[PDB]
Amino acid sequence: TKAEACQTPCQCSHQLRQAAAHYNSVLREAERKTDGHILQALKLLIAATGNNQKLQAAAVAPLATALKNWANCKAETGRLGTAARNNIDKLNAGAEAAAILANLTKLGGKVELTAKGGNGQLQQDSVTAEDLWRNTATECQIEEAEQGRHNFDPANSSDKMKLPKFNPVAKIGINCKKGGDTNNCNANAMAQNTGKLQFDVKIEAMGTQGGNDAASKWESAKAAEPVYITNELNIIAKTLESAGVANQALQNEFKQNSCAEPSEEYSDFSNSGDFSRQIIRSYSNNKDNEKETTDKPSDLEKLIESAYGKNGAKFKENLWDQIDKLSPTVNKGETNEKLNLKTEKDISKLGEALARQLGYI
């Protein structure tokens, strides 16, 4: 839907979490496709080493494709998995650090002192407010959620997935009120029972260090205004910088991958040069063929017709349907168990049946 550059700590937290979740989903995806290919290759290997000579030859070209696809997926999972294990940690820490920053900017309250016993005096009942940073744990409410500034875009469209230059500061306020009128305490002490002195601290996600501004607020008797001090915290920013760099590394690695989706459709095998090269090797008069196609395309189509029907129309009937009829065995204590290759998914059992078949000859 809408994915826009994050502005607030809460927005950047969700965005960095979404990024990490995206990369993990792509990785899970490549691993599932890898498993699908090796599952196919094992079944084809049982077919390619069986005693059905017609099925034996028909299994070899699809086996070459399944093995290439498997290996490629495996290499791609390794590449993506390597990027993930070197960078996703920095994303997890970034989301947490941004979330804690959001906590800090929402803290409020103050401390207030009222004069007691005399002008400018402080006694046992002088603390009239003390809720500074009393907080209840809540989840950060996303700001402008309709604008989707919390949503992540894996393509980095318009280069928008950038982090703000955070620089957390403590903004300290001091407000002296002489009481009675609205004036400060420049010319009068805090009046007994009415004079007030208020302290607060707010954390801001971005700011600049700066000394107190009492020169413009307490230099004369006038309406009371808080004097502000801004001190650089130098927390959280560096974790968010590292996270930005890491998300950029991950984005580039994960923006593309060549792992192919496992399939039994003939049209997906004909797409493969390994398939066609092996068909010529297995069925033509040149067992040493290295070409992906024949000089006359009709020659290849003839080899395909005899093996899988014209234009591969009998691909399922001649290959997968015959593989389903096989009954290789695995050990089962003192006896054996016949595998049903149409539904068997345990590579341990398939590997065992293949070994037992090769030892049966």
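In case it trips you up, residue 1 is the first one in the sequence shown, and so on.
K.L.:
Going by the average Cα B-factor in the PDB entry, point out whether 290-298 or 41-49 comes out higher.
P.N.:
Per the PDB record, 290-298.
K.L.:
Highest mean C-alpha temperature factor of the two stretches 156-164 and 100-108, which is it?
P.N.:
Averaged over C-alpha atoms, the B-factors run higher in 156-164.
K.L.:
Return the residue from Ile236, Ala71, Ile88, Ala223 that has the highest Cα B-factor in the entry.
P.N.:
The listed residue with the largest C-alpha B-factor is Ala223.
K.L.:
So if I compare the CA B-factors in the entry for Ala93, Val127, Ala75, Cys185, which one is the largest?
P.N.:
Max CA B-factor in the entry, restricted to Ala93, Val127, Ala75, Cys185: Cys185.
K.L.:
Should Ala205 be placed in the lowest, middle or highest third of its chain by the C-alpha B factor in the entry?
P.N.:
Ranked within chain, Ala205 CA B lands in the highest tercile.
K.L.:
Would you mind checking where the Cα B-factor of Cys10 ranks among the modelled residues of its chain, as the lowest, middle or highest third?
P.N.:
Its C-alpha B-factor belongs to the highest third of this chain's values.
K.L.:
Ranking the modelled residues of this chain by C-alpha B-factor as given in the entry, is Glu31 in the lowest, middle or highest third?
P.N.:
Lowest third, going by the recorded CA B-factors of the chain.
K.L.:
Could you say whether, by C-alpha temperature factor, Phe254 belongs to the lowest, middle or highest third of its chain?
P.N.:
Ranked within chain, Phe254 CA B lands in the middle tercile.
K.L.:
Ranking every modelled residue in this chain by its Cα temperature factor as given in the entry, which third contains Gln121?
P.N.:
Bottom third by C-alpha B-factor.
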